[PDB]
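So this first bit is one chain, no partners, the form deposited in one PDB entry, shown in structure tokens.
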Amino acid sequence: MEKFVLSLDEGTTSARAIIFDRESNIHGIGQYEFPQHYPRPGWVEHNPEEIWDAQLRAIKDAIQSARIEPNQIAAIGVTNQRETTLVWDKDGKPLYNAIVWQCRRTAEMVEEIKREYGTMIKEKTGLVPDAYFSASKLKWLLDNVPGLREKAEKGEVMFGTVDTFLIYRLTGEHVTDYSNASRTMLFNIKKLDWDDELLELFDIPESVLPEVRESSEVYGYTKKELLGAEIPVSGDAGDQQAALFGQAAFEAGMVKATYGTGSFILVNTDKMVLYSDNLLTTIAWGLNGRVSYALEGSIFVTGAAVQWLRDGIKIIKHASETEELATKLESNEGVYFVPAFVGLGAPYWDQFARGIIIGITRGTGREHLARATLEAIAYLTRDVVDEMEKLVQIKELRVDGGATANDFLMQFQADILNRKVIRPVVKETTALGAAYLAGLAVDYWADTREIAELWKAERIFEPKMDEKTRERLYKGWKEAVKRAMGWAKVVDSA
């Protein structure tokens, strides 16, 4: 009887489940949104019970839609939004909301630390000190949740990133993989272990920490009842590395970009550890006793600028609408939108940037905003790829996320880059990457030589814009960006 891999993609706004076959075809999808909690300006929280309930409901639909029995699921892969920090008790009940990777409550605290400790943290961690990472968020939780520092000091608090939470709830194990752990700013990526000086700096009791494992490994087994069969949980990577793995990006020098709420661009650097003042050195995955590294640019707001057109000012009914508006014009006509809704990530790392639409005139319409938002998404990607090029060659880009279906966005992307932008036949690249990691671990697949042969270019966009136009459109953007900078640090009237 035919078996399949189940994969959880617990994203920032939606918890999803995709059942895959050994050719990497999809057989079932469940997806459910759960609420975003904005308790204060620039504070973002998710409720961990709503995550789970959405994540469960999603598994059942994928199963149902695929019409397999539970017994036909060989392995569960887990993947997740990365920096969102949870804490829960032995019976597994949250001691607060998750502080999301998007949340900035720690910005002033990290700004001070960065000054005196920036280089030390970067050398241990690969990371640029920022509110984005777990470390400062655990600290804030420990100092602000009434009686959790004391409970954690009693060895009664479990910390995790989202993969950890989901694996706990599924198997009762307290673990994370190297990739999600590289993201906490507490984990030493050269030594591959929790870092003592860092636990001190942030005042972290160690009892709180999960055990760090590889990215492909049986971590545990599901109660038969949750799902009806007892299934191995065997794959675990942060979502943006799982999309790297989902893209078959298995050799050093291979680059993907995923477009969602934000956009994240990873080059696989393999056994090599590469340094960049303005990008992230991160772990890709741990597989077969070996560790792959990666270089990342993390761009916090890309598709969220399209959500904002639909939901904030409501100039559109759907994201789909953005493309036909945009293509109503033959250029941006001097209109630019730097959507720095809360600061800029890579490579500017300005916690104070805010968003700006500049170049407005009497004729600025819905079409110019649609276009400026789409092009922003392409400029932000280049800001990162150009910084990667200060040290390493970036040939071409493999891409994924809903936005990749927008052909205007995709052609504008290859055009301002002067690089091929390639979308594959599989869509759920993030899900498929956690599936491959799990499948590998119970022999559902034999090796990555095998898996590599499963990957296919659906379409390849080729650059066809000339230098003068590239350079002039990008020079507008660069100038637009300067104007977004520092804004939350002159104003508040906020």
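Residues that one form lacks are left out of the comparison. Think of the rigid core as the biggest set of C-alphas that the two forms share within 1.5 Å after superposition. Residue indices: 1-based, along the sequence shown.
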Decide which of the stretches 66-74 and 50-58 has the higher mean C-alpha B-factor, going by the entry.
66-74
Between 88-96 and 274-282, name whichever shows the higher mean Cα B factor according to the PDB entry.
88-96
Residue selected from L380, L186, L141, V399 by maximal Cα B factor:
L141
Options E83, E296, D350, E225 - largest CA temperature factor per the record
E225
If you rank every modelled residue in this chain by C-alpha B factor, which third holds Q102: lowest, middle or highest?
lowest
Can you work out whether the C-alpha temperature factor of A446 puts it in the lowest, middle or highest third of the chain?
highest
Lowest, middle or highest third: where is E45 by C-alpha B factor in its chain?
lowest
For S24, return the chain-relative third of its C-alpha B-factor as stated in the PDB record: lowest, middle or highest.
highest
Could you look up the Cα B-factor of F341 in the entry and say which third of the chain it sits in: lowest, middle or highest?
lowest
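Only in words, not in the display: the form deposited in another entry, which the text now covers.
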Residue showing a 2 Å-or-more C-alpha displacement between this form and the one not shown once the rigid core is overlaid, selected from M388, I73, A248, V255
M388
For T184, decide whether the Cα shift between this form and the one not shown is 2 Å or greater, given a superposition on the rigid core.
no
Once the core is aligned, does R449 move its Cα by at least 2 Å between this form and the one not shown?
no
With both forms fitted on the core, check whether the Cα of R470 differs by 2 Å or more between this form and the one not shown.
yes
Taking the rigid core as reference, which runs of at least three consecutive residues show Cα movement of 2 Å or more between this form and the one not shown?
259-263, 298-396, 401-422, 459-493
